[PDB]
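No value in this document is a laboratory result; all are computed from the given coordinates. Note that each Cβ is placed from the backbone with ideal geometry, even for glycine, and that neighbours are counted across all protein chains shown.
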Amino acid sequence: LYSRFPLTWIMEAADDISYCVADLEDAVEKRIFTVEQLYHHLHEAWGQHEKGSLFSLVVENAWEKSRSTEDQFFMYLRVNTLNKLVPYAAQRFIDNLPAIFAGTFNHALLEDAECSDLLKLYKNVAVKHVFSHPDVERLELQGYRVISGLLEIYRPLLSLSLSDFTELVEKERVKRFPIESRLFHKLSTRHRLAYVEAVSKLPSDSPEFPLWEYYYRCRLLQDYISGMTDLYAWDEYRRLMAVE
Amino acid sequence: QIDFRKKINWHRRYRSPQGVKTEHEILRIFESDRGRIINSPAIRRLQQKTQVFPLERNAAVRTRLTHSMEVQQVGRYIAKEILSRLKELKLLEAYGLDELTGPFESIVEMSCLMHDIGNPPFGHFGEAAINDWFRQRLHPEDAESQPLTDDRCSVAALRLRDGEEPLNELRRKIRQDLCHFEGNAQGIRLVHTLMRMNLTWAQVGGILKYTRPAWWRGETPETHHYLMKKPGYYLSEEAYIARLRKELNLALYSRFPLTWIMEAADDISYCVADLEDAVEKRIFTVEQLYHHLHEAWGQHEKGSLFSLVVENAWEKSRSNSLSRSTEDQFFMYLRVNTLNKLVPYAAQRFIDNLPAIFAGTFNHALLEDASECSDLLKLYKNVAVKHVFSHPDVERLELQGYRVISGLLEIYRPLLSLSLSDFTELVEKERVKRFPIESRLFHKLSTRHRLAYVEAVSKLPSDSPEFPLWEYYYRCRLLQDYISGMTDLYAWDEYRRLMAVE
Amino acid sequence: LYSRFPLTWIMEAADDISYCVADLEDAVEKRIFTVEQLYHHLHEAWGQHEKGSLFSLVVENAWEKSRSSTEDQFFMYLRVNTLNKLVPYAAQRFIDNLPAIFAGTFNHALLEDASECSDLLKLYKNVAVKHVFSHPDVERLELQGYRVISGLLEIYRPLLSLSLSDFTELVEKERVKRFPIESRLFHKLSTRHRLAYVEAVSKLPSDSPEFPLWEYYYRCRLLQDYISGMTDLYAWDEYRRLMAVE
Ligand SMILES: [Mn+2]
Ligand SMILES: [Mn+2]
Ligand SMILES: [Mn+2]
C-alpha cells in the first residue's frame, strides 16, 4: 500500500528534464526575447559562477557553439543537458535500485541538492519571463471561466433526485425534463456507458447506493469535461452560451 | 485685493522651480505644461472614448478628444476676450496680468483640454456602474448615523463596530468616498498620483471644478451650494488638495479663478456639436431641426437672441453661396452666432464679478440660469434631449456600457473579496500558490495604478488601527483607477476576453 | 512664381522634429524593444562619438535622467532635450536667413543637412527605419493598404471607362437605363466632391476643343478626391463591402 512501480521514476525524470528547455526554445520563437537576452537571464540566474560548473559545461558551452544561431543554440543546449543529466539519473536509479524496486524510495532521480540546480535554473527563467507573459496568463484565466461556466451549464443534471435522474437513464425521452434530456445526450457515449456499468454493479437495497450514484454522477460529468480538448471545451462553452 | 501674480503659481509639487524667473522663463514653464498634457497618453485615450454617438466606421462624428479641442478654442476666445476688455479698461497691469497674458490663456486651453480627462470609459454611465457596484458591496447609507445592528456592508473592517470608536468616522468617510466616484475628482487623482505629470499648481487649479470632498454626506453649505454641486476630489487627494489651496491662495471650498472660464466654454460646446452630428447621422434634416428649435422657443420676439443667432444662421444657410453645403453653412454660422453673443457675456460676467471670482467664493456660473444666454443653451439641450439623446442607438450603447463595467467590476471582485494578509502576500510574491486566479487578475492591472497603490500603502504606519481600513480604501481605489483609465473599446474588448468569447 | 510663404518653413521644421521621436516612444510601447535596447541602438547609430556633442547633451542626458515611469521620464526628457536645442537653432536660422525666407526663395531647410541638429534627427530616423518601420505588423498593414486602394480604384474603373456623352447623361438623370452599376457607383461618391466636379465643369466653355480633356481631368480628380478623403477604416470597410464579404 502506497508503493510505486519501479519504472515510473524513469518516466518522471524525462518529464522533469524536457519540462522547461522546450518552452524556453518556444519563448525565443514567440519573440518574447532574443536567444542572447535569454543567455543573459540565465547568467543573472546562476549567480554563484565557477569556470567548471554544469552551467559552463552546458549553457556557456552551448552559447559558444551558437556563435560561429537559435537552432544551434537550443540543439546543443538540449544535447549538453541530456549528455550530463541522463547518466546521472541512470546511475541514481541503479544506485538506489532496492528502494526503487520496493517503490518506497521517498525521492526523485534528479533530487534537490548539480543536475536539479540546472533544471531549477531553467524553471526560474521560465517562471520569471515566459509563464509570466500576459498572453499566457490571459488564456490561463480564460480557461478557468470556460470550465467553470461549462460545469454550471451541466449543474441541472446534478441538481436532481436519483428517482428523476435514473428515469432519464432508462427512457431517453423524458416529459418534464427536456433540457436535462438534451444535456444528458450531449455527454459522450463512453462516459455515459461507464456510469451505468458502475451503477448496475451496486446493490439496489444498500443505504450507500444513493451516495454511490451521486459520486458516479459527478464522475460521469467530470469525465466528459476532462475528456475535451482546449478547443472543444471553448467552442462548446460559446455554443451553450449561445454566441455561434 | 486682485493680483494674478498670486494666483498664477508657476511652482510645482515635486522637483519645483524657485527664485525670480523672467516673463519668458515663466512662459516657458507654462508652455512646458502644454507639451506635458499634449504628449500624455491620458489625452490620446480620448480619441477612443465615446461622445454621445457610438464610435462609427467614419470619423465624421465627434469623440471625447475632438469635442475637448472644440471646448479649448471656446475657452481661448473667452480668456482672450476677458484680457482685451481689461486692456481697454487698463486694469491689466493693475490686476498683475500685464506679464502673465499668454500663461493665463494657455491655462484655460489646457484645462479645457483636460476636462473629461478623468472620465471613465462609458462616461456618466460608467460612473453609475462603478458607484452602484460599490454601493451593493458597501451601502454607505448604513454609515450615516449610529452603528446599525444589521450593517449591509460586505467588508468586516468597514462595518461600523458597535457603540464605540472614532474609527467609525473613518469607515463613514471611506464608504462615501469610494461610492461617490466622479470624473472631475478622478481627473485630479490622475494628473498627480496616476499620470505623475508634475504640473504647475495654477494648471491643476484650473481642472479643480468642484470644492466638495467625495466623502461628504450632509446638506451642502447654503453659501457654497453651487461650488459643491458635485464632488471635486477624493480622500486620497485631501493631502495634496490642501497643498493646492495654500499654493493658489484658496479658502476651504474656494475655486481657482480661471476654472469658471473653462467651465463656461464646456457649457457652450456642450450641445451644438452633437446637434450637428445628429443631422449628420440623418436623425432629422437641418430644416426639421430649425422647426424643432422654433417649437422650443415659444415666446417669440423679433429682436431676441433666437432671431440674432438661430433665425440669423437659418437665413444664411438658405441661398448660401461660397458653394458651401446648407448644413455646413448652417452649423458654421450657428456656432459663430452663439459665440459672438455668449463669449462677450461670460467675458463681461467674469470681469463684473471678478473680486468674488478671484476669491473663488462666487456661488454662480458665468452663464447663469436667468440670462438670455443660459436660455439659448437650454434650448439646444432640450432639443438634444427630446430628439438626439433619446435615439435608440445611443440608449443601446448607454445600457451596453453599464453591463460591460458592472461585469468587469465583478470579474475583479475576487481581489477585493480577500483578507489583507492574503492580498499583501500577493503584492510581495508575484506568484502565489493557493490564489492563482487572483495572481493573474492582479497582473492584468496596469503597472502605474499598481505602483500608486503600494506607494500610498508604504506611507501609512503598520502599527495603526486605521491601517487595514486605509489598505482597503486604496485597494478599491487601485481597481477604480484601472477601469476608469480604460477606453470604451478596451473595457468592452476586455469584458469579452474575460467572458471568453475571443 | 515658385516662391514659398515665409511661415511655411517654421511649420515644416516642427514636423521634421516631431517626426520620429513619437513613433520611437510608441515602438517601446508596442514592446518592439526595451528603452534600454533603444538607447544601445542609438549609441550604435551615432558612431562618431566625441565632444560634448548633441548626443551627450540630448540622448545621453535623457538616459541618465530616466535611471532614478522609466520610459515616460526617458521620452519626456528626450523630447524636452531635443526641443531645447533644436527650436533655438531653427528660430535663429529663420531670423539669420529672413530676407531669402521673406522672399520665399531660400533653397534650404531651417535644420539643414550639415547642422548637428539635422544629424540628431537623422539618427532618430535611421533607428526608426532599421527597427520600427521594418517591423512586420507595420509592413503587413502597408501592403494591405496598397491592395485596398488599388482594388477600390478598380471598383470605380467603370465610371472612368466611359464616354463623355454617357457620363454627362449620368450626371443629369440620376437613374440611367443601360448603366445601372455605374449609376449606383456614382451615387456612392460623396456629395461634396460630386458638387465640385459639376462646378469645375460648368465653368468650362461647351464649344472649346479642350472641354472633353478637362471633363476627364476633373472626372479623375473627382474619383481621387473620394478615395483620398476616406479614413484607413472607411476605405478598408468599403473595399470589403464592395468585394462582398460583409
Ligand atoms: Mn510534461
Ligand atoms: Mn463637454
Ligand atoms: Mn508628418
If each K or R counts +1 and each D or E counts -1, the residues other than A:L157 whose Cβ falls under 11 Å of its Cβ total +2
Distance violations [Cα-Cα > 28 Å] among B:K7/B:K381; B:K281/C:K203; B:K80/B:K302; B:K302/B:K386: B:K7/B:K381; B:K281/C:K203; B:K80/B:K302
Net charge near B:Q51, counting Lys/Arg +1 and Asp/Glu -1 over other residues with Cβ under 11 Å of its Cβ? -2
What does the net charge come to around B:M262 if you take all other residues with beta carbon closer than 12 Å to its beta carbon, with K and R at +1 and D and E at -1? -3
From largest to smallest, what semi-axes in whole angstrom does the protein assembly as shown give when each is the square root of 5 times an eigenvalue of its alpha carbon gyration tensor? 56, 39, 38
Per-selection metrics, chain B (Cα): Rg and Dmax in Å: 24.3, 78
For the stretch B:226-310, count all C-alpha to C-alpha pairs, find those more than 17 Å apart, and express that count as a whole percent of the total. 68
Can you tell me what the convex hull of the Cα atoms of the stretch C:5-132 projects to on average, as an area in nm²? 8.1
Using the Cα atoms of the stretch B:104-178 to build a convex hull, what is its mean projected area in square nanometres? 7.1
Using only Cα atoms, what Kirkwood radius does the stretch B:364-451 have, in angstroms? 17.5
Would you calculate, for chain B, the mean residue ellipticity at 222 nm contributed by helices, counting each DSSP H stretch of 4 or more residues as -39,500 (n - 2.57) and dividing by all residues, to the nearest 500? -17500 deg cm²/dmol
Note: C:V129 to C:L233 extended length (0.36 nm per residue) minus current alpha-carbon separation gives 34.9 nm
I'd like the projected area of the stretch B:116-261, averaged over all directions, using the convex hull of its alpha carbons. Report it in nm² with one decimal. 9.6
Chain B: relative contact order from alpha carbon pairs under 8 Å, six or more residues apart, as a whole percent, is 20
What do you get for Rg/Rh over the stretch B:260-392 if you use C-alpha atoms and the Kirkwood form of Rh? 1.01
Shielding of B:403-409 by partner chains, average beta-carbon count, 10 Å: 0
Hey, with R₀ at 35 Å, roughly what FRET efficiency would B:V501 and C:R192 work out to, going by the Cβ-Cβ distance, to 0.05? 0.30
Cα radius of gyration and Dmax for chain A (Å): 25.6, 78
Can you give me the Cα centroid spacing of the stretch B:233-278 and the stretch B:389-412 in angstrom? 27
